[PDB]
There are 4 protein chains.
Amino acid sequence: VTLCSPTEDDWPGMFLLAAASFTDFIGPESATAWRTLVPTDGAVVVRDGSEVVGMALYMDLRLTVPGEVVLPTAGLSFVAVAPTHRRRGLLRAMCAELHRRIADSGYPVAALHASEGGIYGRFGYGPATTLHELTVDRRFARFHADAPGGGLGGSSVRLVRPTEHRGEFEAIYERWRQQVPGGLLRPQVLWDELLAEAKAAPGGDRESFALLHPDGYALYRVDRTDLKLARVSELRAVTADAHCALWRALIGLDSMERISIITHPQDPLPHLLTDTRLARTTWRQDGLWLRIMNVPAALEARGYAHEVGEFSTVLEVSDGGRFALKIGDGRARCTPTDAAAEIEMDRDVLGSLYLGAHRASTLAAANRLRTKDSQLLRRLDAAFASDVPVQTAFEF
Amino acid sequence: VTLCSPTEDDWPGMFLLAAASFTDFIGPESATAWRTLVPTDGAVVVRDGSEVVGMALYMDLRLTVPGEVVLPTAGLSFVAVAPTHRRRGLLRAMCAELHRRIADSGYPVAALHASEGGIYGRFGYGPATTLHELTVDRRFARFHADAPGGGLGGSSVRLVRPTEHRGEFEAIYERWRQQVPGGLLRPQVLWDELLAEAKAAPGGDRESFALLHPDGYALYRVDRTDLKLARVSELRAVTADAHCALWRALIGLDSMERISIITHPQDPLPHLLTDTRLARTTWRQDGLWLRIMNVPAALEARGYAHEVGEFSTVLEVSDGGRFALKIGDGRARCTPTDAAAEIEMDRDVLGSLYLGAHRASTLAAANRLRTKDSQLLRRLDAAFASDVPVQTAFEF
Amino acid sequence: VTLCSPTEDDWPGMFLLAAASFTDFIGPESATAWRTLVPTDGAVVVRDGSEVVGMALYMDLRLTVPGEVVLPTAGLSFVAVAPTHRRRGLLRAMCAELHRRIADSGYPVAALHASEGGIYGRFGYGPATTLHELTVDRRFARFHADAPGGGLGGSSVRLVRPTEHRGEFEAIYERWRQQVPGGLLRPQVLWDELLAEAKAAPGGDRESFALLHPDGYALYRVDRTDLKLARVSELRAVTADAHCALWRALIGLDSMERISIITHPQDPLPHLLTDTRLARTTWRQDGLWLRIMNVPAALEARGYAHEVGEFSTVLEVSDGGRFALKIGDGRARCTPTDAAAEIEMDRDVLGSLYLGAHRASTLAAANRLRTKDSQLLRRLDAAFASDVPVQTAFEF
Amino acid sequence: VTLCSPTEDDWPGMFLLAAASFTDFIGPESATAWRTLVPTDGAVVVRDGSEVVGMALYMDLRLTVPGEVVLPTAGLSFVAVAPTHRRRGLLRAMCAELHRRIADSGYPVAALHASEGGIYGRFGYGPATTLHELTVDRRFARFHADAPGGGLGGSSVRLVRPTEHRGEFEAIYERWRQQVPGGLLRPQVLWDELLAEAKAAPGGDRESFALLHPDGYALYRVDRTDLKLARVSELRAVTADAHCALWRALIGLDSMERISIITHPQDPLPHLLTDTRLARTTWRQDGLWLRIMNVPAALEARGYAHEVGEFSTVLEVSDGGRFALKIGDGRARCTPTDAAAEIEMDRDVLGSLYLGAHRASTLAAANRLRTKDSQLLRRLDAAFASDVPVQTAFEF
Ligand SMILES: CC[C@H]1CCc2c(sc3nc(SCC(=O)NCCN4CCCCC4)nc(N)c23)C1
Ligand SMILES: CC[C@H]1CCc2c(sc3nc(SCC(=O)NCCN4CCCCC4)nc(N)c23)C1
Ligand SMILES: CC[C@H]1CCc2c(sc3nc(SCC(=O)NCCN4CCCCC4)nc(N)c23)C1
Ligand SMILES: CC[C@H]1CCc2c(sc3nc(SCC(=O)NCCN4CCCCC4)nc(N)c23)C1
Ligand code: NA
Ligand code: NA
Ligand code: NA
Ligand code: NA
């Protein structure tokens, strides 16, 4: 078994391994669109002796982090080991080589969506966003007297066909992704793919519709089998007014019993209703995972909470360096030191803290983060907290 | 229809209305235990002309709030309107009279557990704690290398019969409830009731067992019908070591497929495992609801985050007064003013903020909390945040 | 109503009756492939007065029986009576005529797959093979220290596209079918049909993949609706090493929870695992049914167990003749006699014994087989037993 | 942690561990009955330092093996490790000590029912009987013309109350258990327990009824929740006539849709019906597990098939000795040798072969049994086969 960058001859074998490894796999046509985001040396394959028995690659992404800072991000994807070649160290070998290439190329962070929760921790990935499914029984849903957009006169929201308003969705999404931690740039090829998935398929998904506001949109479709459930695939709102107006329109889908959405834990939807309990959490999972590739570059790049006073500490990342960390006026300075560590954690833990989805105090209670100073823990919690709640952009 | 404090003659009619209104009702014997917590003028009844068609009462409780401060709390309970007397304003009349008595008696806060989510908002109750059910597939659960209590030698945890270790459970609970916001004092009569529910009932619940550590306990029983599910009714851990040791023992229930617990959103359990996804959120609901009875008394009583710098604002509670609010060095001063309001919210919203379970920013995004100052919003978020995560003590 | 061999004009009416009688019916295109196996006078139709109200046919098959002996076999199929013409003796009339043609043509045995278990016994068919569905929870599956193909180095098994390795599947199947009782010759037209079913259908089955070893293959696909279940349509292994290697690869389908296969009761799979209970029997049914057309020809053709000493008896088949049966050195001699019968059974019972799937002792306990000699019963059990376990080839 | 025979002081701690380890546990009253079968030194406990954290014992049983031979059998039971003391080698230590005591006491075999399939193999237990659940849709069930007891006149079977016919059940069971491999002696205390379980329990099982024939009985009760399902707990038939007569009566339960029974793979029931498919296999599991304690004593004690000619081989049991094995005229002679092994297997494999439930050929195909001689394999298969099908007596 040898590990190499694939030649054009290797890709049929890679698409066979893909078809056999991923059930949700669209054929090589969607593969062509996504492949445009893979840089020249972004892919590795393992050959037996000879066929493709292992593969992994990364895509060039742009990830928004707290303080509206956009980082170049290596998006790991298309990771598969043939069922014939398990327990042979192929995943470890492929991840070691890609991380080498990612670090050398100058990416401060890598990111992925995990097929399983137990795999990627050991390679330094921490779950960094939380997917929160809300299911609304819209038959009972009444808007609170305080909820915006209740007054008389016309609606700001239009029911439209997605394909006829591409320019407007693109512009709204572009504003959203720059404002929200977890936001990703969505290139033209991924808009091509999204709007192609919007049409009905024979014995497949039903037609997608859009609700369009000047400052937000919702993409939804009736479920394949449950004809009383509308699934919102995507809601991007740049203003509170847009978010409320779009939910008034969704609750107006009078032929549905239930509206479901995969959102974030701080979605204000429940607070828009007279009965907060009607927006039920039906599912919760890790979304985006982060591997901090360069600790000082990552920690210096993001913004920190202004509310917490200037403080200095010494952070050790397990096999990731030891740093003098000074946080004040919403900025961090992170420099090499051999001074005694005040805080220790594995690389994955820093990934989990980085977008503010997990509290240092919570990780400390599980001993994933070690300090003897409870004051320092409070200061880290406050500093790493995100003003704008972290959301998940799109799966890759 | 007249509204009065019940005479001893009224209680048979109240127990009939109870039996017909609450499915989970134990007969008048458990009623006698709980009745010891109802003060002399703590109950109201509505009589038709004559039978009992409405009732409501409060119990004398002690509630822990951020800063380990214990408040006298009126626990509303046993609220019922006969199905014959709906839409007659009986609930509004009974709640108005009890709130009068509660306020006059000098309680700064009232609290309840809501049968429905859409009722109590309009009477000034806000959901203040969050119930989070975790279900662990213990067949896959492996403890992280970092998790405490992994080393060789004896176990700190004992499998015991609850009734034989009452003194130890009482002492552990008493330490827990004083340390954790949401904590309630559990009087002797409620320990009597808890340990009586621990025994098996013919065609009812199975026998309860306890896992006992010097600094924590877990009460659990096998589910009635699902014989591969253990339900943890209660886990009180005063230390991280106790919490981890108890979960090692629960994951050691080798005859079970699943362990479930109703816990809080910041439960560190998922972070103790190599696969965080194995601790699945299977249910989420409002726990304790709070009505702030005296705004200045409540706001001055709790502790605030030390990390946020001193700031001053003007808070208006809708029909609850307007106050100059100054927060610094973890303390609030809250005095009357006619100065222009910088922040406005209904009374229920303040209840939701008060134990730190809901962010001011989230409530602001739904327009439940109104300000023009985004800096002030960040400062409120930070100040009202609880260092120790808010938990739910016991339902009443 | 008249009974005749169909003219080319009759086939549209036969395909309509087929469409209305068989839900799993592919249109006339697959019908054309299978029709090549129907001999010139292999079909009967019943016409009302006039439309097709009844049909039945047989195909020319080659069936492997104990001792690796291959018998010409009439495979009954496409049997239907119009719902308008039930309880009119059409099935009895069509089966009588086909059995006449089959016997006169010189077939020693007829075979079918039964739509229902209660129909074919009365026409002399006995269930002769047993379908055994095993479902493996592959998340727990660990191979026993004794299981072959555990050592270090490369895998003998390749993940491939079925259509690209037709020649290899054909050659492996051809070796398997000649070695295993129940084996059937699979002609080129049925390989055409199998490899056409291997591709995904819109709103239909998912793509089929193959695991290929020099001495075995497995064809599998992810279930339509249960995306955590892989269904093995076919596993043909000529060696124990091939069988184990293919199951190691199937247990390596890490994205699946469950692997299911329709196999035989003696499948060694459970014994390859540390926990035999993980290979759960989820379904059990009659597979191939046999009608012995010529008792002496059938009994003389198959091999018998060498372990049992030479013995002689007199077998009466109900309306099928009486025979002096001498079994020794693994061979039978079966000659006409009027000597007193020592063993009596209906024709269907002999079909059930013939491939070794059912014990004479078991049939005797239900009085389907009558003797007064318990020693003779032990000798029949031993003699008719198959060294190589009976398997089911493909449904027809 | 120390390992000792329990003192009378230890038993409360053992009953607590029992209650917490076994859901199907009846309290100490049934425990007293079963405890009469535990010999003086039949129990071990592990104490921490001090409480009971581990226990295991054996009961004195009598097991019928092929040739109607009755062996003294150590029935392992009540095996539990506290959830606080997992992965501490307590099971290995307790099993090592009990096996020492069992071997020294002169038991040729040990037996158990396994809570899980993956535990007991490594301690030398092989699954030796197969539980086969048949569910009959009795609404369609018609008896075959050949089935016994179809003729006119009175029924041989009586519907009775179990408690009123104890003497008759005892005598029928005693005949059955001496005739059938897997049969166990059922002492008076276990008849006391069985007839106490026959009565209805409030919110528990429904009343048991009996069908009584001179040569067989069936004990059945309507399911707790499925009121159209009758569960046969036990059917013991000494004759084919009794078996058929009892099933005619069970199929006469006209208020039921379904009759279910946990039986053996060779149950002739399906062959009694015109539609064999109506007796559906709904569940299949290992029943009794055997550990051969003394290889020569066990192999010399059982009877072998008379049909197979005399043969000699050399059997090695992994860490269980090497023996010259000569089988002829239905008897084995098994003597020590250092001659080259012709057959090798682990101790557990011999347990699986011993009652004839598993074929040597099947175990060989999984490499659990190793020989280079296919003729020797055929001879072992034939010799170890049981004339009378192996059944499961009662769980312990
Ligand atoms: C040849 C270059 C690669 C780049 C990744 C890639 C494709 S198709 C494609 N489609 C998608 S669909 C969006 C999604 O929900 N992805 C999660 C699951 N994912 C795993 C692997 C791919 C299939 C689904 N995503 C890709 N990364 C890709 C081809
Ligand atoms: C006569 C005085 C009253 C005081 C409240 C009270 C009782 S019994 C009792 N038991 C309980 S059981 C604990 C519990 O989960 N309570 C929620 C539902 N609750 C609603 C009303 C009572 C029944 C169940 N709780 C009470 N407050 C009470 C009698
Ligand atoms: C015109 C000649 C006949 C010969 C039998 C025949 C066809 S299509 C075909 N396909 C099949 S598909 C393989 C299978 O699982 N058969 C069982 C159910 N079977 C019943 C009747 C046909 C449809 C399905 N089988 C045939 N015998 C046939 C046409
Ligand atoms: C104190 C001596 C011991 C002897 C074993 C023993 C008892 S109660 C009892 N009841 C039973 S009930 C029959 C049965 O289905 N047993 C399987 C599960 N079994 C596991 C452990 C006991 C509870 C159920 N069986 C025992 N061996 C025993 C007490
Ligand atoms: Na922003
Ligand atoms: Na505290
Ligand atoms: Na063969
Ligand atoms: Na016998």
Side-chain angles (χ1 to χ4, degrees), chain A residues 114 116-119 121-122 127 132 140 142 144 146-148 240 243-244 265-278 280-281 283-286 305-309 345-346 349 352 358-359 361-370 374-375 378-379 381-383 385 387-389, chain B residues 114 116-119 121-122 127 132 140 142 144 146-148 240 243-244 265-278 280-281 283-286 305-309 345-346 349 352 358-359 361-370 374-375 378-379 381-383 385 387-389:
Chain A
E116 311 169 6
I119 304 303
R122 71 179 85 97
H132 199 93
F140 300 106
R142 301 294 186 271
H144 203 282
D146 294 343
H243 178 256
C244 188
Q266 295 300 325
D267 195 315
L269 172 58
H271 301 295
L272 293 177
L273 308 182
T274 56
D275 183 355
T276 61
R277 199 186 282 187
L278 285 181
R280 342 199 324 282
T281 306
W283 186 77
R284 199 193 173 77
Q285 194 159 105
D286 47 276
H306 281 88
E307 287 63 49
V308 63
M345 69 187 71
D346 293 345
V349 176
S352 288
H358 302 282
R359 295 184 65 199
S361 292
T362 304
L363 288 159
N367 200 230
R368 291 305 323 282
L369 184 157
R370 261 100 46 208
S374 68
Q375 178 174 242
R378 289 196 301 277
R379 287 169 171 178
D381 264 4
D387 177 41
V388 178
Chain B
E116 311 169 6
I119 304 303
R122 71 179 85 97
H132 199 93
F140 300 106
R142 301 294 186 271
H144 203 282
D146 294 343
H243 178 256
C244 188
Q266 295 300 325
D267 195 315
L269 172 58
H271 301 295
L272 293 177
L273 308 182
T274 56
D275 183 355
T276 61
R277 199 186 282 187
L278 285 181
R280 342 199 324 282
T281 306
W283 186 77
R284 199 193 173 77
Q285 194 159 105
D286 47 276
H306 281 88
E307 287 63 49
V308 63
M345 69 187 71
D346 293 345
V349 176
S352 288
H358 302 282
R359 295 184 65 199
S361 292
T362 304
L363 288 159
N367 200 230
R368 291 305 323 282
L369 184 157
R370 261 100 46 208
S374 68
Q375 178 174 242
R378 289 196 301 277
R379 287 169 171 178
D381 264 4
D387 177 41
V388 178

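In what follows, chains carry the letters A, B, and so on, assigned in the order in which the sequence lines appear, proteins first and then strands, with residues in each chain numbered from 1.
Residue B/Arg378 comes nearest to A/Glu307 through the heavy atom pair NE-OE2, 3.5 Å, listed as atom of the first residue, atom of the second, then distance. Nearest heavy atoms, A/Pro127 versus B/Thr276: CG-OG1, 4.2 Å. In this structure, A/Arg284 and B/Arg284 approach most closely via the heavy-atom pair NH1-NH1, 4.0 Å. Of all heavy-atom pairs spanning B/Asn367 and A/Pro148, the tightest one is CB-CD, 3.9 Å.
Both the backbone and the side chain of A/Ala114 come within contact range of chain B, judged by heavy atoms closer than 4.5 Å. Only the side chain of B/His358 comes within contact range of chain A, judged by heavy atoms closer than 4.5 Å. For A/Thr362, the parts lying near chain B are the backbone and the side chain together; criterion is any non-hydrogen pair under 4.5 Å.
In terms of heavy-atom pairs under 4.5 angstrom with chain A, the leader among B/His271, B/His306, B/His243 is B/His271. Options A/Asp286, A/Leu269, A/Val388, A/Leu363 differ in how many heavy-atom pairs under 4.5 Å they form with chain B, and the most are formed by A/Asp286. Across B/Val349, B/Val308, B/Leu278, B/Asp267, the residue that shares the most heavy-atom pairs under 4.5 angstrom with chain A is B/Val308. Ranking B/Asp387, B/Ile119, B/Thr274 against chain A, the residue ahead of the rest is B/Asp387, based on heavy-atom pairs under 4.5 Å. Of the listed residues (A/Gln375, A/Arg280, A/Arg359, A/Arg379), the greatest number of heavy-atom pairs within a distance under 4.5 Å of chain B belongs to A/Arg359.
Listed by chain and residue number, nothing satisfies the ring pair (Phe, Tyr, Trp, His ring centres under 6.0 Å) test with A/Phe140 (two or more places apart in sequence, or in another chain). Residues passing the side-chain contact (heavy atoms from CB on, under 4.5 Å) test with B/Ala365, sequence neighbours excluded: A/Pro268.
If you take CD on A/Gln266 and OG on B/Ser361, they are separated by 8.5 Å, rounding to the nearest 0.5 Å. For the atom pair CG of A/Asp146 and CZ of B/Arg370, the computed distance is 4.5 Å after rounding to the nearest 0.5 Å.
Side-chain contact between A/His144 and B/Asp346 is present, with at least one heavy-atom pair separated by less than 4.5 Å.
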